[PDB]
2 protein chains.
Amino acid sequence: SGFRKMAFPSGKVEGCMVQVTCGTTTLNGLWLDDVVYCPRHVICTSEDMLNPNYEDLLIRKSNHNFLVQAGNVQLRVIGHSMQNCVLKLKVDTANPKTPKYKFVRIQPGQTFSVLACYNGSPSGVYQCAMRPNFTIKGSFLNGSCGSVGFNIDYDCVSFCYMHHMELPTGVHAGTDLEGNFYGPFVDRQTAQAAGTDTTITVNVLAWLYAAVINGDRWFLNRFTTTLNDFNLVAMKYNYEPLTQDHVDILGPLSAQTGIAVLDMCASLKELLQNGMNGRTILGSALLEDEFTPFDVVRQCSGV
Amino acid sequence: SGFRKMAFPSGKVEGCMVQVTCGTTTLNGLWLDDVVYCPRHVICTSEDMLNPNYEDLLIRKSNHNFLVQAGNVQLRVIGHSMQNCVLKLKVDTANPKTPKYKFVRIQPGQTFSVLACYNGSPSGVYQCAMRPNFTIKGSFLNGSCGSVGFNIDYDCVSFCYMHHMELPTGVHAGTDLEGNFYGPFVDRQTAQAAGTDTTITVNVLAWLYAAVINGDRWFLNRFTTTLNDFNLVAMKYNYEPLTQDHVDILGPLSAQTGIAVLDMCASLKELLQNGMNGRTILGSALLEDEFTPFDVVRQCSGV
Ligand SMILES: *C(=O)[C@H](C[C@@H]1CCCNC1=O)NC(=O)[C@@H](NC(=O)/C=C/c1ccccc1)[C@@H](C)CC
Ligand SMILES: *C(=O)[C@H](C[C@@H]1CCCNC1=O)NC(=O)[C@@H](NC(=O)/C=C/c1ccccc1)[C@@H](C)CC
């Protein structure tokens, strides 16, 4: 029993973190086989942060402009190239700790574990969700760029995020490991801001099922609702529409608890319209939306 | 910027987890040097869960009654002994992945990272606090016994918790790594229940400072309070008394924000008496008490 925001064990990723320096800028790199991946903005000066032509800046760089340190071992860069907003630094040594891995891009509403790093050394690990507006609500200080987000399936690491920047609202923006940004953000200095966010309805329902599995039942009721009547209420409260695919995805949790999905939707409608009246669910006074149905099943296996 | 419940990187501990079987019971063990540590209740049958004499049960056991598997490598047990509520199984091989480590017992109000494991294999990592009533609010299913809690300082792992059981309220109980329980709990089947808990006041104040550092300021006010007038209110709301040592410990966060500790106490008194009126702090609608002053400083270094 119990339900916590749980990250994947970080060991396999810790073995891939290195330190990358160019000029006076130091950040983190990801060392897989004989390539080190890092944010391309490592090559910029703050004389260049305004309208950097990254192509121009990179043609002016050489292999020896990049210092890569793995612990207290210097790796020799023997090649460099740009892949969208990430740099690929070919080094003379394959990482002996390379796990089985994939580069996957995730969807808004999906979760992943972040290994926050500074100077190539891991600091902590926590769980994030990709928001509908393609930001993440993380914990990142200067020097954290190049920290990565990931999921593990059996013992294959699916890397899905590399950290690049913080927005004025305090949320965070980055790329997949092919260097393609999540969302309409750019690695150049603008007034860029997060677009309007919404609540991930299917996740809130998943977390309500987690609560039932863990013995929190006070929000349940007799009522059921139609999918269309629910979505009418969800729209009003800045919740994403619930699709029939979402209903299908919640099937296993519905079966385990004996609570039909549209029954739980009726509980959610009442929570949205009346609040909790000073009660809590799984220790929270807010409806939580950063647990996927998978996060719930994986953690609530046998309560 | 940003503030998250952050765990320590788990790599150093993942390398120490093994699987321990005795009879039909399998749980997790911690493999350090040539010793494997696990809960002594591994030797019990459910014919014995009522009033086990652990001394009696252990004298009837032999080395070959204990199967220890490290990945897909069998370790030979060459010695066994009881240390309070933990078993020490001497094995024929020192763990080559043994980190620098300490066995430390923590205080209520302190935090640590838990590496949840099943069958010797890590599942996830999350942060816990030791509650004033010596329980922890974790996420543990059957098979998780022997999972450990820990902190890291530089690259020394201070193990502080081994998991033994779940209470009827859904909270969790265990021992330090010397086998001594936290709290008045026993590894035998009783009606044992958690005593009454309280809120960790110094941690709530630390988290309010974290919020200010991260730009949440709406709860601040002009008022200051005396320590005694604050503690009068804290008592009324099931908060622990604030000591002058607590005030001193909050010094660095007070200096960084320019907000005197007794000023923040006045904010807390008002929050306790009036609630938040539908606002949130660092994403929470409740006052959070599972971040220590250290957790805040370490994470909010340079905002
Ligand atoms: C790389 O380590 C940093 C990480 C940032 C630093 C600020 C604190 N939190 C982080 O995640 N990346 C950068 O410094 C990039 N720029 C920004 O993050 C922009 C911050 C900002 C600018 C203007 C208004 C509000 C906020 C640099 C590399 C440019 C892409
Ligand atoms: C070891 O893996 C388990 C872990 C438990 C199992 C239940 C689910 N969550 C856990 O943490 N330890 C035990 O099974 C011990 N007993 C209990 O946890 C008691 C559960 C309980 C009993 C009576 C009323 C309410 C709850 C065994 C080994 C006895 C110490």
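Numbered from 1 within each chain, the chains take letters A, B, ... in sequence-line order. Each ligand, and each atom within it, is numbered from 1 in the order the structure gives. Values below: every heavy atom of this structure, side chains too, minus hydrogens, waters and symmetry copies.
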Original post:
Would you say A/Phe140 and ligand 1 have an N/O pair spaced under 3.5 Å apart?
Top reply: yes

Original post:
What atoms of ligand 2 come within less than 4.0 Å of a heavy atom belonging to B/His41?
Top reply: 28 (C), 30 (C)

Original post:
Which pair of heavy atoms, one from B/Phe8 and one from A/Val125, lies closest together, and at what distance?
Top reply: O-CG1, 3.7 Å

Subject >> Contact check, B/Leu27 vs ligand 2, heavy-atom distance below 4.0 Å >> reply: no

Original post:
Does the distance from a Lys or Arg side-chain N to an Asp or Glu carboxylate O, for B/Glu290 and A/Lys5, drop under 4.0 Å?
Top reply: no

**OP:** Mind checking whether B/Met165 contacts ligand 2 via backbone (N, CA, C, O), side chain (CB onward), both or neither, at a 4.0 Å heavy-atom cut-off?
**Re:** both

Original post:
For atom 25 (C) of ligand 1, what's the nearest protein heavy atom and its distance?
Top reply: A/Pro168 CG, 3.6 Å

Subject >> Nearest neighbour in protein (non-hydrogen) for atom 2 (O) of ligand 1 >> reply: A/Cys145 SG, 2.5 Å

Original post:
Distance-only, no hydrogens or angles: does the A/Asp216 side chain make a donor-acceptor pair with backbone N or O of A/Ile281 under 3.5 Å?
Top reply: no

Original post:
How far is atom 26 (C) of ligand 1 from its nearest protein heavy atom, and which residue and atom name does that atom have?
Top reply: A/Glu166 O, 3.3 Å

**OP:** Enumerate the atoms of ligand 2 whose separation from the nearest heavy atom of B/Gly143 is less than 4.0 angstrom.
**Re:** 2 (O)

**OP:** Determine whether the side chain, the backbone, both or neither of A/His164 has a heavy atom under 4.0 Å from any heavy atom of ligand 1.
**Re:** backbone

Subject >> Step-by-step ring pair (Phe, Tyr, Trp, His ring centres under 6.0 Å) determination, A/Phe181 to A/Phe134 >> reply: CA-CA 9 Å; A/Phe181 261 92; A/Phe134 291 103; over 10 Å; no

Original post:
Who's the nearest protein heavy-atom neighbour of atom 23 (C) of ligand 1, and how far?
Top reply: A/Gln189 NE2, 3.5 Å

Subject >> Minimum heavy-atom distance between B/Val186 and B/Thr190, given as atom pair plus value >> reply: CG2-CG2, 4.2 Å

Subject >> B/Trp218 (side chain) donor-acceptor with B/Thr280 (main chain) under 3.5 angstrom >> reply: yes

Original post:
B/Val68 versus B/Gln19: any side-chain heavy-atom pair under 4.5 Å?
Top reply: no

Subject >> pair A/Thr175-A/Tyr182: side-chain heavy atoms closer than 4.5 Å >> reply: no

**OP:** Would you confirm whether A/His172, through its side chain, and B/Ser1, through its main-chain N or O, come within 3.5 Å as a donor-acceptor pair?
**Re:** yes

Original post:
How far is atom 14 (O) of ligand 1 from its nearest protein heavy atom, and which residue and atom is that?
Top reply: A/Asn142 OD1, 4.2 Å

Subject >> B/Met49: numbered ligand 2 atoms lying under 4.0 Å from its heavy atoms >> reply: 27 (C), 28 (C), 29 (C), 30 (C)

Subject >> Shortest protein heavy-atom distance from atom 11 (O) of ligand 1, along with the residue and atom involved >> reply: A/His163 NE2, 2.6 Å

